[PDB]
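Asks: First, the structure itself, so that you have it in front of you.
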Amino acid sequence: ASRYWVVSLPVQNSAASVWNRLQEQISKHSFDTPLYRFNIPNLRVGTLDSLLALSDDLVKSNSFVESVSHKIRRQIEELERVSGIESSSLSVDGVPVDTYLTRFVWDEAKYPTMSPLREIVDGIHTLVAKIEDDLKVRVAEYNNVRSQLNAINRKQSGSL
Amino acid sequence: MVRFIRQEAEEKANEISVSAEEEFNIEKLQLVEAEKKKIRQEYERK
Amino acid sequence: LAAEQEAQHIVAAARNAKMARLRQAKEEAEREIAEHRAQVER
Amino acid sequence: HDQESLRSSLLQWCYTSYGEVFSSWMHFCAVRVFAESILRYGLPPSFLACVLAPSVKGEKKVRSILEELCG
Amino acid sequence: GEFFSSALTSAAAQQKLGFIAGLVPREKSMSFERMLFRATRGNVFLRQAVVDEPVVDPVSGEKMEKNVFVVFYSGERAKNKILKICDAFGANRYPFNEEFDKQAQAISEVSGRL
């Protein structure tokens, strides 16, 4: 599949024509750039030490996201019958890739707690790990089924 | 920068103090419950 | 600097003054206990 | 036949879990927006970046625009 | 001790923080700014020398352009990476007292011992 491709810029460092022009009316329209975003801040933020800890844990979070992406792109596609879930069917946070990447509404109470995210990030990471574990269980079931496949019928067709 | 760190330190100190005060109130409720129990015991003895 | 003043005695003052809230809780507990004792004695 | 069904029905549940993982990745990107905001700005979460999969030319133009905060 | 009046003023102008006292060679300017962006975050202040004289290594008298510097750490979590950055600098690094007079006295005592 596709790895992470999000840009990095705070509110005070918008690259558009105006500070609020990042969402729309930016020069990216002239260049046909598909960039889109919508603010969704948390209830509160941690201290400087908490910020540094979150930055350190972001590496592990990205590694887990990459592992989940690799599992989803490999196990489903290799079966030649599981890749039928399109972007709308596999919509992120209930919105397709057109709208999922244009907003951060996934920060609601489902994976995080809509609260200081120092531990909410870890909780969401644990939830994603559980989802990836379920996907791995499904992949193991598919492997056992393939073991059931290529059964005694794989031998000769008789008189051999 | 530093002002944001100032707010976080004050907010953490304020929340900790409020939690400590609530815990002290709960401890006081338990203490008055124990005092009422022992007062009932001594009244029954009398 | 400003951060040093923020982490200075400004917060430790409230941390120590939490003992005042604890003392108020103890005082109200004692008052309630004394009132209950007076009522039961009466 | 059971293996084919699992690749079509149980693996349909696997694809649903993949969509859930995509939702989790969207949440991770939302968290990373605030992480970048804290890293290169004040503590409160506030970001004006964007997330997409653009071409090389578009990314180069975005980098040229944002060179005021280059890495 | 020189930073006790320079780095302190820089931090006051830019404003709990850690002490990043130590050293950073004349070639460590890029690593102090281009690198360690996650930890410093641009809100910290630092005072550094240009290695005006060849500073002897902590275990070698051959010396080099090992300028010494003192900075502010953005908390212990960021100080963990700041210590690694200072170790990567590999100059004549040694912590000193916060007070300018005490730091100068420590420098004089170390020079006399040397």
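Just remember, in the structure tokens the first chain shown is A, the second B, etc., residues are 1-based per chain, and ligands are 1-based in the order shown.
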Fewer than 3 positions away in the same chain doesn't count, so skip those; otherwise give me all residues within 6 Å of residue 104 of chain E, counting only C-alpha atoms, as a PyMOL selection string.

Replies: chain E and resi 1+101+107

Asks: When you look at residue 58 of chain D with a cut-off of 8 Å (counting only C-alpha atoms), what residues show up, excluding the ones that are within fewer than 6 positions of it in the same chain? I need them as a list in words.

Replies: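 The residues that qualify are residues 28, 31, 32 and 33 of chain A.
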
Asks: Determine which residues of chain D sit within 9 Å of chain B, taking into account only C-alpha atoms, and present them as a PyMOL selection string.

Replies: chain D and resi 41-44

Asks: Near segment 22-28 of chain B, within 9 Å and counting only C-alpha atoms, which residues show up once chain neighbours fewer than 3 positions away are dropped, as a VMD selection string?

Replies: (chain B and resid 17 to 19 31 to 33) or (chain C and resid 21 to 23 25 to 26 28 to 30)

Asks: My list of candidates is A:85, A:137, A:149, A:121. Which is closest to residue 19 of chain D when distances are computed with only C-alpha atoms?

Replies: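 Nearest to residue 19 of chain D: A:85.
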
Asks: Could you tell me how far atom CA of residue 133 of chain A sits from atom CA of residue 151 of chain A, in Å to one decimal place?

Replies: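 For atom CA of residue 151 of chain A relative to atom CA of residue 133 of chain A, the distance reads 28.0 Å.
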
Asks: Please identify all polymer residues within 12 Å of segment 54-57 of chain A, counting only C-alpha atoms, omitting same-chain residues fewer than 6 positions from it, and present them as JSON, numbers by chain.

Replies: {"A": [45, 46, 47, 48, 63, 64, 116, 117, 118, 119, 120, 121, 122, 125], "D": [28, 31, 32, 33, 34, 35, 36, 37, 38, 39, 40, 43], "E": [37, 38, 39, 41, 77, 78, 80, 81]}

Asks: Can I get the selected residues back with N, CA, C and O atoms, as a CSV table (one decimal), in the first residue's frame?

Replies:
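Printed below is part-v7.csv as written:
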```csv
chain,number,residue,atom,x,y,z
A,45,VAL,N,-3.1,19.8,26.3
A,45,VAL,CA,-1.8,19.3,25.9
A,45,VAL,C,-0.9,19.2,27.1
A,45,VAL,O,-1.1,19.9,28.1
A,46,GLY,N,0.1,18.3,27.0
A,46,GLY,CA,1.0,18.1,28.1
A,46,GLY,C,2.1,19.1,28.2
A,46,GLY,O,2.2,20.1,27.4
A,47,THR,N,3.0,18.9,29.2
A,47,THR,CA,4.1,19.8,29.4
A,47,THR,C,5.2,19.6,28.4
A,47,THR,O,5.1,18.7,27.5
A,48,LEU,N,6.3,20.3,28.5
A,48,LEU,CA,7.5,20.1,27.6
A,48,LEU,C,8.0,18.7,27.7
A,48,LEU,O,8.4,18.1,26.7
A,63,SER,N,6.0,3.1,13.6
A,63,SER,CA,6.3,1.8,13.3
A,63,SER,C,5.1,0.8,13.4
A,63,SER,O,5.0,0.0,12.5
A,64,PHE,N,4.3,1.0,14.4
A,64,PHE,CA,3.1,0.2,14.5
A,64,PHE,C,2.1,0.5,13.3
A,64,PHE,O,1.5,-0.4,12.8
A,116,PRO,N,-6.4,15.4,27.4
A,116,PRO,CA,-4.9,15.4,27.3
A,116,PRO,C,-4.4,14.1,26.7
A,116,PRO,O,-4.6,13.0,27.3
A,117,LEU,N,-3.7,14.2,25.5
A,117,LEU,CA,-3.4,13.0,24.7
A,117,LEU,C,-2.1,12.3,25.0
A,117,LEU,O,-1.7,11.4,24.3
A,118,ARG,N,-1.5,12.7,26.1
A,118,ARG,CA,-0.2,12.1,26.5
A,118,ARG,C,-0.4,10.6,26.7
A,118,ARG,O,0.4,9.8,26.2
A,119,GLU,N,-1.5,10.2,27.4
A,119,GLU,CA,-1.8,8.7,27.5
A,119,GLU,C,-2.9,8.3,26.5
A,119,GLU,O,-3.0,7.1,26.2
A,120,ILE,N,-3.7,9.2,25.9
A,120,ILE,CA,-4.6,8.9,24.9
A,120,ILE,C,-4.0,8.3,23.7
A,120,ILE,O,-4.5,7.5,23.0
A,121,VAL,N,-2.8,8.9,23.3
A,121,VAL,CA,-2.1,8.4,22.2
A,121,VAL,C,-1.7,6.9,22.4
A,121,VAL,O,-1.8,6.1,21.5
A,122,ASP,N,-1.2,6.6,23.6
A,122,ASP,CA,-0.8,5.2,23.9
A,122,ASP,C,-2.0,4.3,23.9
A,122,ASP,O,-1.9,3.2,23.4
A,125,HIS,N,-2.9,3.7,20.4
A,125,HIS,CA,-1.9,2.8,19.8
A,125,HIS,C,-2.2,1.3,20.3
A,125,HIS,O,-2.1,0.4,19.5
D,28,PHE,N,-4.0,8.3,14.1
D,28,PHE,CA,-2.6,8.5,14.3
D,28,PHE,C,-2.1,9.8,13.6
D,28,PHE,O,-1.2,10.5,14.2
D,31,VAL,N,-3.2,12.7,15.6
D,31,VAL,CA,-2.3,12.9,16.8
D,31,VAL,C,-1.0,13.5,16.4
D,31,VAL,O,-0.4,14.4,17.1
D,32,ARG,N,-0.5,13.0,15.3
D,32,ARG,CA,0.8,13.5,14.8
D,32,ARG,C,0.8,15.0,14.4
D,32,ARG,O,1.8,15.7,14.4
D,33,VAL,N,-0.4,15.5,13.9
D,33,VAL,CA,-0.6,16.9,13.7
D,33,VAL,C,-0.3,17.7,14.9
D,33,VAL,O,0.5,18.7,14.9
D,34,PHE,N,-0.9,17.3,16.0
D,34,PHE,CA,-0.7,18.0,17.3
D,34,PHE,C,0.7,17.8,17.8
D,34,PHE,O,1.3,18.7,18.4
D,35,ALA,N,1.3,16.6,17.5
D,35,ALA,CA,2.7,16.4,17.9
D,35,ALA,C,3.6,17.3,17.2
D,35,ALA,O,4.5,17.9,17.8
D,36,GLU,N,3.5,17.5,15.9
D,36,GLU,CA,4.3,18.5,15.1
D,36,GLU,C,4.0,19.9,15.6
D,36,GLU,O,4.9,20.7,15.6
D,37,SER,N,2.7,20.2,15.9
D,37,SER,CA,2.4,21.5,16.4
D,37,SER,C,3.2,21.8,17.7
D,37,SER,O,3.7,22.9,17.9
D,38,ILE,N,3.2,20.8,18.6
D,38,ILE,CA,4.0,21.0,19.9
D,38,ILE,C,5.5,21.1,19.6
D,38,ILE,O,6.2,21.8,20.2
D,39,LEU,N,6.0,20.3,18.6
D,39,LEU,CA,7.4,20.3,18.3
D,39,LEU,C,7.9,21.6,17.7
D,39,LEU,O,9.0,22.0,18.1
D,40,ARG,N,7.1,22.2,16.9
D,40,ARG,CA,7.6,23.4,16.1
D,40,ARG,C,6.8,24.6,16.5
D,40,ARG,O,6.8,25.6,15.8
D,43,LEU,N,2.8,24.7,23.1
D,43,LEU,CA,2.2,23.4,23.6
D,43,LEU,C,0.8,23.1,23.1
D,43,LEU,O,0.5,22.0,22.7
E,37,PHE,N,16.4,19.2,16.6
E,37,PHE,CA,15.3,20.1,16.5
E,37,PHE,C,14.1,19.6,17.3
E,37,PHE,O,13.3,20.4,17.8
E,38,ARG,N,13.9,18.3,17.4
E,38,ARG,CA,12.8,17.8,18.2
E,38,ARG,C,13.0,18.1,19.7
E,38,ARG,O,12.0,18.5,20.3
E,39,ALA,N,14.2,18.1,20.2
E,39,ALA,CA,14.4,18.3,21.6
E,39,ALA,C,14.4,19.8,21.9
E,39,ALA,O,13.7,20.3,22.8
E,41,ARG,N,13.5,22.4,20.0
E,41,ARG,CA,12.2,23.0,19.5
E,41,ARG,C,12.3,24.5,19.3
E,41,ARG,O,11.2,25.1,19.0
E,77,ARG,N,13.2,15.0,29.8
E,77,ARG,CA,13.0,14.1,28.7
E,77,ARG,C,13.8,14.6,27.5
E,77,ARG,O,14.4,13.8,26.7
E,78,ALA,N,13.8,16.0,27.3
E,78,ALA,CA,14.7,16.5,26.2
E,78,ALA,C,16.1,16.5,26.7
E,78,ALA,O,17.0,16.5,25.8
E,80,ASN,N,17.6,14.2,28.0
E,80,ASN,CA,18.2,12.8,27.7
E,80,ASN,C,18.8,12.9,26.3
E,80,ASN,O,19.9,12.3,26.1
E,81,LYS,N,18.1,13.5,25.3
E,81,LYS,CA,18.7,13.7,24.0
E,81,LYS,C,19.8,14.8,24.0
E,81,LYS,O,20.8,14.7,23.2
```

Asks: Once DSSP has gone over the backbone, tell me which residues of chain D are in helix (DSSP H, G or I), as a PDB file with C-alpha atoms, in the first residue's frame.

Replies:
```
ATOM      1  CA  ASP D   2     -13.936 -23.581   2.834  1.00  0.00           C
ATOM      2  CA  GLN D   3     -10.536 -22.001   2.144  1.00  0.00           C
ATOM      3  CA  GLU D   4     -12.024 -20.020  -0.748  1.00  0.00           C
ATOM      4  CA  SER D   5     -14.912 -18.888   1.464  1.00  0.00           C
ATOM      5  CA  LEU D   6     -12.483 -17.834   4.202  1.00  0.00           C
ATOM      6  CA  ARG D   7     -10.541 -15.879   1.578  1.00  0.00           C
ATOM      7  CA  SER D   8     -13.911 -14.385   0.552  1.00  0.00           C
ATOM      8  CA  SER D   9     -15.872 -14.180   3.834  1.00  0.00           C
ATOM      9  CA  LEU D  10     -13.401 -14.473   6.716  1.00  0.00           C
ATOM     10  CA  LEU D  11     -10.998 -12.386   4.646  1.00  0.00           C
ATOM     11  CA  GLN D  12     -13.913 -10.008   4.101  1.00  0.00           C
ATOM     12  CA  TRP D  13     -13.792  -9.535   7.871  1.00  0.00           C
ATOM     13  CA  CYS D  14     -10.029  -9.128   7.450  1.00  0.00           C
ATOM     14  CA  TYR D  15     -10.695  -6.341   4.929  1.00  0.00           C
ATOM     15  CA  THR D  16     -13.106  -4.741   7.399  1.00  0.00           C
ATOM     16  CA  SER D  17     -10.321  -4.905   9.991  1.00  0.00           C
ATOM     17  CA  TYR D  18      -8.040  -3.298   7.396  1.00  0.00           C
ATOM     18  CA  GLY D  19     -10.535  -0.451   7.073  1.00  0.00           C
ATOM     19  CA  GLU D  20     -10.545  -0.152  10.860  1.00  0.00           C
ATOM     20  CA  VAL D  21      -6.736  -0.037  10.724  1.00  0.00           C
ATOM     21  CA  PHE D  22      -7.028   2.761   8.159  1.00  0.00           C
ATOM     22  CA  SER D  23      -9.266   4.606  10.627  1.00  0.00           C
ATOM     23  CA  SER D  24      -6.641   4.031  13.327  1.00  0.00           C
ATOM     24  CA  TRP D  25      -3.972   5.409  10.983  1.00  0.00           C
ATOM     25  CA  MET D  26      -6.153   8.475  10.399  1.00  0.00           C
ATOM     26  CA  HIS D  27      -6.352   8.930  14.172  1.00  0.00           C
ATOM     27  CA  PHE D  28      -2.568   8.516  14.345  1.00  0.00           C
ATOM     28  CA  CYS D  29      -2.154  11.240  11.715  1.00  0.00           C
ATOM     29  CA  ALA D  30      -4.504  13.476  13.709  1.00  0.00           C
ATOM     30  CA  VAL D  31      -2.348  12.905  16.799  1.00  0.00           C
ATOM     31  CA  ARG D  32       0.827  13.520  14.783  1.00  0.00           C
ATOM     32  CA  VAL D  33      -0.574  16.878  13.660  1.00  0.00           C
ATOM     33  CA  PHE D  34      -0.685  17.999  17.294  1.00  0.00           C
ATOM     34  CA  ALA D  35       2.709  16.365  17.881  1.00  0.00           C
ATOM     35  CA  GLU D  36       4.256  18.466  15.108  1.00  0.00           C
ATOM     36  CA  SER D  37       2.434  21.536  16.426  1.00  0.00           C
ATOM     37  CA  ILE D  38       3.999  20.986  19.854  1.00  0.00           C
ATOM     38  CA  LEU D  39       7.409  20.257  18.311  1.00  0.00           C
ATOM     39  CA  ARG D  40       7.600  23.392  16.141  1.00  0.00           C
ATOM     40  CA  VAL D  56       6.821  15.194  -6.927  1.00  0.00           C
ATOM     41  CA  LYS D  57       6.223  18.626  -8.472  1.00  0.00           C
ATOM     42  CA  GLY D  58       3.484  19.480  -5.982  1.00  0.00           C
ATOM     43  CA  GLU D  59       5.629  18.407  -3.036  1.00  0.00           C
ATOM     44  CA  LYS D  60       8.521  20.479  -4.393  1.00  0.00           C
ATOM     45  CA  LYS D  61       6.257  23.524  -4.727  1.00  0.00           C
ATOM     46  CA  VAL D  62       4.965  23.016  -1.179  1.00  0.00           C
ATOM     47  CA  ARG D  63       8.542  22.771   0.107  1.00  0.00           C
ATOM     48  CA  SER D  64       9.467  25.947  -1.779  1.00  0.00           C
ATOM     49  CA  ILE D  65       6.503  27.736  -0.191  1.00  0.00           C
ATOM     50  CA  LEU D  66       7.305  26.413   3.304  1.00  0.00           C
ATOM     51  CA  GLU D  67      11.087  26.982   3.076  1.00  0.00           C
ATOM     52  CA  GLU D  68      10.553  29.517   5.878  1.00  0.00           C
ATOM     53  CA  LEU D  69      10.319  26.438   8.148  1.00  0.00           C
TER      54      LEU D  69
END
```

Asks: When distances are computed from only C-alpha atoms, which of A:67, A:2, A:27, A:8 shows the smallest separation from chain D?

Replies: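 Of A:67, A:2, A:27, A:8, the one nearest chain D, counting only C-alpha atoms, is A:8.
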
Asks: Give me the residues within 9 Å of segment 31-36 of chain E as a list in words, counting only C-alpha atoms and dropping any in the same chain fewer than 2 places off.

Replies: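 The residues satisfying every condition are residues 71 of chain D; 24, 27, 28, 29, 38, 39, 40, 41, 42, 81, 82, 85 and 89 of chain E.
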
Asks: For the selection you just gave me, I'd like the residues written to a file as a PDB file, in the first residue's frame, keeping N, CA, C and O atoms.

Replies:
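Result went into selection_9.pdb, see below:
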```
ATOM      1  N   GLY D  71      13.589  21.999   7.163  1.00  0.00           N
ATOM      2  CA  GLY D  71      14.290  21.145   8.102  1.00  0.00           C
ATOM      3  C   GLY D  71      15.797  21.234   7.988  1.00  0.00           C
ATOM      4  O   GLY D  71      16.351  21.162   6.891  1.00  0.00           O
TER       5      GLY D  71
ATOM      6  N   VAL E  24      30.843  22.290  23.023  1.00  0.00           N
ATOM      7  CA  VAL E  24      30.444  22.075  21.635  1.00  0.00           C
ATOM      8  C   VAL E  24      31.519  22.686  20.743  1.00  0.00           C
ATOM      9  O   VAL E  24      31.728  23.907  20.784  1.00  0.00           O
ATOM     10  N   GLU E  27      32.961  23.310  15.105  1.00  0.00           N
ATOM     11  CA  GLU E  27      32.258  22.664  14.007  1.00  0.00           C
ATOM     12  C   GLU E  27      30.905  22.098  14.420  1.00  0.00           C
ATOM     13  O   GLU E  27      30.244  21.453  13.600  1.00  0.00           O
ATOM     14  N   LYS E  28      30.480  22.321  15.661  1.00  0.00           N
ATOM     15  CA  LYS E  28      29.216  21.804  16.163  1.00  0.00           C
ATOM     16  C   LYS E  28      28.069  22.795  16.017  1.00  0.00           C
ATOM     17  O   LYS E  28      26.983  22.549  16.553  1.00  0.00           O
ATOM     18  N   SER E  29      28.286  23.912  15.319  1.00  0.00           N
ATOM     19  CA  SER E  29      27.218  24.888  15.135  1.00  0.00           C
ATOM     20  C   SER E  29      26.052  24.294  14.354  1.00  0.00           C
ATOM     21  O   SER E  29      24.884  24.536  14.684  1.00  0.00           O
ATOM     22  N   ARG E  38      13.931  18.304  17.423  1.00  0.00           N
ATOM     23  CA  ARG E  38      12.824  17.779  18.215  1.00  0.00           C
ATOM     24  C   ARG E  38      12.970  18.146  19.687  1.00  0.00           C
ATOM     25  O   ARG E  38      11.981  18.490  20.347  1.00  0.00           O
ATOM     26  N   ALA E  39      14.191  18.081  20.221  1.00  0.00           N
ATOM     27  CA  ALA E  39      14.398  18.349  21.639  1.00  0.00           C
ATOM     28  C   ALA E  39      14.446  19.845  21.927  1.00  0.00           C
ATOM     29  O   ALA E  39      13.737  20.335  22.812  1.00  0.00           O
ATOM     30  N   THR E  40      15.284  20.584  21.196  1.00  0.00           N
ATOM     31  CA  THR E  40      15.403  22.020  21.435  1.00  0.00           C
ATOM     32  C   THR E  40      14.104  22.749  21.114  1.00  0.00           C
ATOM     33  O   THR E  40      13.681  23.635  21.865  1.00  0.00           O
ATOM     34  N   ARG E  41      13.466  22.396  19.997  1.00  0.00           N
ATOM     35  CA  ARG E  41      12.197  22.961  19.542  1.00  0.00           C
ATOM     36  C   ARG E  41      12.271  24.460  19.269  1.00  0.00           C
ATOM     37  O   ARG E  41      11.239  25.086  18.998  1.00  0.00           O
ATOM     38  N   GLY E  42      13.460  25.056  19.332  1.00  0.00           N
ATOM     39  CA  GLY E  42      13.634  26.462  19.041  1.00  0.00           C
ATOM     40  C   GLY E  42      13.313  27.407  20.178  1.00  0.00           C
ATOM     41  O   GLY E  42      13.497  28.620  20.020  1.00  0.00           O
ATOM     42  N   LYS E  81      18.147  13.514  25.327  1.00  0.00           N
ATOM     43  CA  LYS E  81      18.743  13.668  24.004  1.00  0.00           C
ATOM     44  C   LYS E  81      19.813  14.753  23.982  1.00  0.00           C
ATOM     45  O   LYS E  81      20.753  14.676  23.182  1.00  0.00           O
ATOM     46  N   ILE E  82      19.682  15.768  24.839  1.00  0.00           N
ATOM     47  CA  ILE E  82      20.685  16.828  24.898  1.00  0.00           C
ATOM     48  C   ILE E  82      22.024  16.271  25.365  1.00  0.00           C
ATOM     49  O   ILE E  82      23.088  16.670  24.874  1.00  0.00           O
ATOM     50  N   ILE E  85      23.565  14.528  22.456  1.00  0.00           N
ATOM     51  CA  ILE E  85      24.113  15.507  21.519  1.00  0.00           C
ATOM     52  C   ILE E  85      25.439  16.056  22.032  1.00  0.00           C
ATOM     53  O   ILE E  85      26.401  16.214  21.271  1.00  0.00           O
ATOM     54  N   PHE E  89      29.179  15.832  20.479  1.00  0.00           N
ATOM     55  CA  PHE E  89      30.056  16.977  20.263  1.00  0.00           C
ATOM     56  C   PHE E  89      31.503  16.625  20.591  1.00  0.00           C
ATOM     57  O   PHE E  89      32.425  16.965  19.840  1.00  0.00           O
TER      58      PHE E  89
END
```

Asks: Using only C-alpha atoms, I'd like every residue of chain E that has an atom within 10 Å of chain B; please write them out as a count of residues only.

Replies: 11

Asks: For chain C, list the residues within 9 Å of chain B, counting only C-alpha atoms, and write the list as a ChimeraX atom specification.

Replies: /C:1-7,10-12,14-15,17-19,21-23,25-26,28-30,32-33,36-37,40-41

Asks: Give the residues of chain A that lie within 7 Å of chain E; count only C-alpha atoms, and format the answer as JSON, numbers by chain.

Replies: {"A": [48, 49, 52, 53]}

Asks: One decimal, in Å: what's the spacing between atom CA of residue 55 of chain D and atom CA of residue 74 of chain A?

Replies: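 It comes out at 24.5 Å.
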
Asks: Only residues of chain A matter here; which ones have an atom within 7 Å of chain D, counting only C-alpha atoms? Give them as a PyMOL selection string.

Replies: chain A and resi 5-11+13-15+22+31+33-37+39+41-42+44-45+51+55+65+68+72+76+79+81-83+85+90-93+101+104+106-107+128+131+135+138+142+145-146+148-149

Asks: Mind writing the picked residues with N, CA and C atoms as a short mmCIF file (atom, residue, chain, number, x, y, z; two decimals), in the first residue's frame?

Replies:
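Final output, saved to out00.cif:
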```
data_model
loop_
_atom_site.label_atom_id
_atom_site.label_comp_id
_atom_site.auth_asym_id
_atom_site.auth_seq_id
_atom_site.Cartn_x
_atom_site.Cartn_y
_atom_site.Cartn_z
N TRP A 5 2.34 9.96 4.31
CA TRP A 5 2.73 11.04 3.41
C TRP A 5 2.18 12.39 3.86
N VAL A 6 2.04 12.61 5.16
CA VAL A 6 1.48 13.86 5.67
C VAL A 6 2.59 14.89 5.83
N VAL A 7 2.27 16.15 5.53
CA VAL A 7 3.23 17.23 5.70
C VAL A 7 3.28 17.63 7.17
N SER A 8 4.31 18.41 7.51
CA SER A 8 4.54 18.85 8.88
C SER A 8 4.61 20.38 8.91
N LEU A 9 3.59 21.00 9.52
CA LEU A 9 3.55 22.45 9.68
C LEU A 9 2.54 22.82 10.76
N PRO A 10 2.95 23.59 11.78
CA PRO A 10 1.99 24.01 12.81
C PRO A 10 1.02 25.06 12.30
N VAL A 11 0.15 25.56 13.19
CA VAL A 11 -0.80 26.60 12.82
C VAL A 11 -0.07 27.88 12.45
N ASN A 13 2.82 28.13 11.19
CA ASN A 13 3.72 27.94 10.06
C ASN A 13 2.98 27.41 8.84
N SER A 14 1.83 28.01 8.53
CA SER A 14 1.08 27.62 7.35
C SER A 14 1.83 28.03 6.08
N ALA A 15 1.86 27.12 5.11
CA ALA A 15 2.55 27.36 3.85
C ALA A 15 1.65 27.94 2.77
N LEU A 22 -4.85 27.28 4.43
CA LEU A 22 -4.37 25.92 4.23
C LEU A 22 -5.50 24.99 3.79
N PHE A 31 -1.56 24.38 -8.63
CA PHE A 31 -0.70 23.25 -8.91
C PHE A 31 -1.43 21.91 -8.83
N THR A 33 -2.53 20.33 -6.29
CA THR A 33 -2.09 19.51 -5.17
C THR A 33 -3.31 19.04 -4.38
N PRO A 34 -3.42 17.74 -4.08
CA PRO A 34 -4.58 17.23 -3.35
C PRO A 34 -4.56 17.50 -1.85
N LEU A 35 -3.70 18.40 -1.38
CA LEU A 35 -3.59 18.65 0.05
C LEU A 35 -4.88 19.23 0.62
N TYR A 36 -5.29 18.72 1.78
CA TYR A 36 -6.47 19.22 2.48
C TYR A 36 -6.33 18.87 3.95
N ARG A 37 -6.94 19.70 4.80
CA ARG A 37 -6.87 19.47 6.24
C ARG A 37 -7.99 20.25 6.93
N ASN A 39 -8.84 21.45 11.23
CA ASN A 39 -8.37 21.41 12.61
C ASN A 39 -9.32 20.59 13.49
N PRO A 41 -8.41 20.11 17.44
CA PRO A 41 -7.51 20.06 18.59
C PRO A 41 -8.08 19.24 19.73
N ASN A 42 -7.17 18.72 20.56
CA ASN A 42 -7.55 17.99 21.75
C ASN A 42 -7.98 18.95 22.85
N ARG A 44 -6.66 19.30 25.88
CA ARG A 44 -5.50 19.93 26.51
C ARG A 44 -4.25 19.21 26.04
N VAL A 45 -3.10 19.84 26.29
CA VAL A 45 -1.81 19.30 25.89
C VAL A 45 -0.92 19.19 27.12
N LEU A 51 5.62 16.56 26.05
CA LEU A 51 5.75 16.73 24.60
C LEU A 51 6.94 15.94 24.07
N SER A 55 6.87 12.87 21.45
CA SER A 55 7.69 12.86 20.25
C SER A 55 8.52 11.58 20.16
N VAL A 65 2.00 1.76 12.89
CA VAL A 65 1.16 2.10 11.74
C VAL A 65 1.69 1.45 10.48
N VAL A 68 0.83 -2.25 10.57
CA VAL A 68 -0.58 -2.45 10.24
C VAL A 68 -0.80 -2.28 8.75
N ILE A 72 -2.16 -5.17 6.21
CA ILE A 72 -3.39 -4.97 5.45
C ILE A 72 -3.13 -5.10 3.96
N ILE A 76 -4.51 -9.33 2.90
CA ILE A 76 -5.77 -9.24 2.16
C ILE A 76 -5.52 -9.43 0.67
N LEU A 79 -4.56 -13.08 -0.82
CA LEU A 79 -5.64 -14.06 -0.92
C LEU A 79 -6.39 -13.97 -2.24
N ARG A 81 -8.88 -12.54 -3.02
CA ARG A 81 -10.32 -12.40 -2.84
C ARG A 81 -10.70 -11.45 -1.71
N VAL A 82 -9.74 -10.82 -1.04
CA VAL A 82 -10.04 -9.94 0.08
C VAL A 82 -9.88 -8.46 -0.26
N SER A 83 -9.31 -8.13 -1.42
CA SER A 83 -9.08 -6.75 -1.81
C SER A 83 -10.33 -6.07 -2.37
N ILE A 85 -12.66 -4.60 -0.69
CA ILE A 85 -13.05 -3.46 0.12
C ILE A 85 -12.38 -2.22 -0.46
N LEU A 90 -13.39 0.82 3.03
CA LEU A 90 -12.31 0.95 4.00
C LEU A 90 -12.11 2.40 4.44
N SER A 91 -13.20 3.16 4.53
CA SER A 91 -13.12 4.57 4.87
C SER A 91 -12.48 4.77 6.24
N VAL A 92 -11.53 5.70 6.32
CA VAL A 92 -10.86 6.01 7.57
C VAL A 92 -11.74 6.96 8.38
N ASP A 93 -12.04 6.57 9.62
CA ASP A 93 -12.89 7.35 10.52
C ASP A 93 -14.27 7.60 9.92
N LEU A 101 -8.66 12.36 4.71
CA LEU A 101 -7.43 13.15 4.72
C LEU A 101 -7.69 14.64 4.82
N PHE A 104 -9.48 15.91 10.66
CA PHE A 104 -8.94 15.12 11.76
C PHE A 104 -10.02 14.70 12.75
N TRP A 106 -11.10 11.94 13.45
CA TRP A 106 -10.80 10.68 14.12
C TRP A 106 -10.33 10.87 15.55
N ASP A 107 -10.01 12.10 15.95
CA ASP A 107 -9.61 12.43 17.32
C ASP A 107 -10.79 12.45 18.29
N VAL A 128 -5.10 0.12 18.18
CA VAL A 128 -4.64 -0.23 16.84
C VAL A 128 -3.87 -1.54 16.86
N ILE A 131 -6.40 -4.25 16.92
CA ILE A 131 -6.97 -4.42 15.59
C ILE A 131 -6.00 -5.20 14.69
N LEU A 135 -6.38 -8.79 12.80
CA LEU A 135 -6.03 -9.02 11.40
C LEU A 135 -5.05 -10.17 11.25
N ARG A 138 -6.89 -13.37 11.64
CA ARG A 138 -7.55 -13.69 10.38
C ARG A 138 -6.56 -14.24 9.35
N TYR A 142 -6.58 -17.86 7.57
CA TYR A 142 -6.45 -18.05 6.13
C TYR A 142 -5.33 -19.02 5.80
N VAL A 145 -6.54 -22.45 6.51
CA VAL A 145 -7.47 -22.85 5.45
C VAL A 145 -6.70 -23.28 4.21
N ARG A 146 -5.67 -22.52 3.83
CA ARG A 146 -4.83 -22.91 2.71
C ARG A 146 -4.13 -24.23 2.98
N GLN A 148 -5.62 -26.55 4.72
CA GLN A 148 -6.74 -27.42 4.35
C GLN A 148 -6.89 -27.49 2.84
N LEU A 149 -6.59 -26.40 2.14
CA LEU A 149 -6.50 -26.44 0.69
C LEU A 149 -5.26 -27.24 0.28
#
```

Asks: As a ChimeraX atom specification, please: all residues of chain E that backbone DSSP puts in strand (DSSP E or B).

Replies: /E:18-19,22-23,46-48,55-57,60-64,68-73

Asks: Tell me, in Å to one decimal, how far atom CA of residue 4 of chain A is from atom CA of residue 30 of chain E.

Replies: 28.0 Å
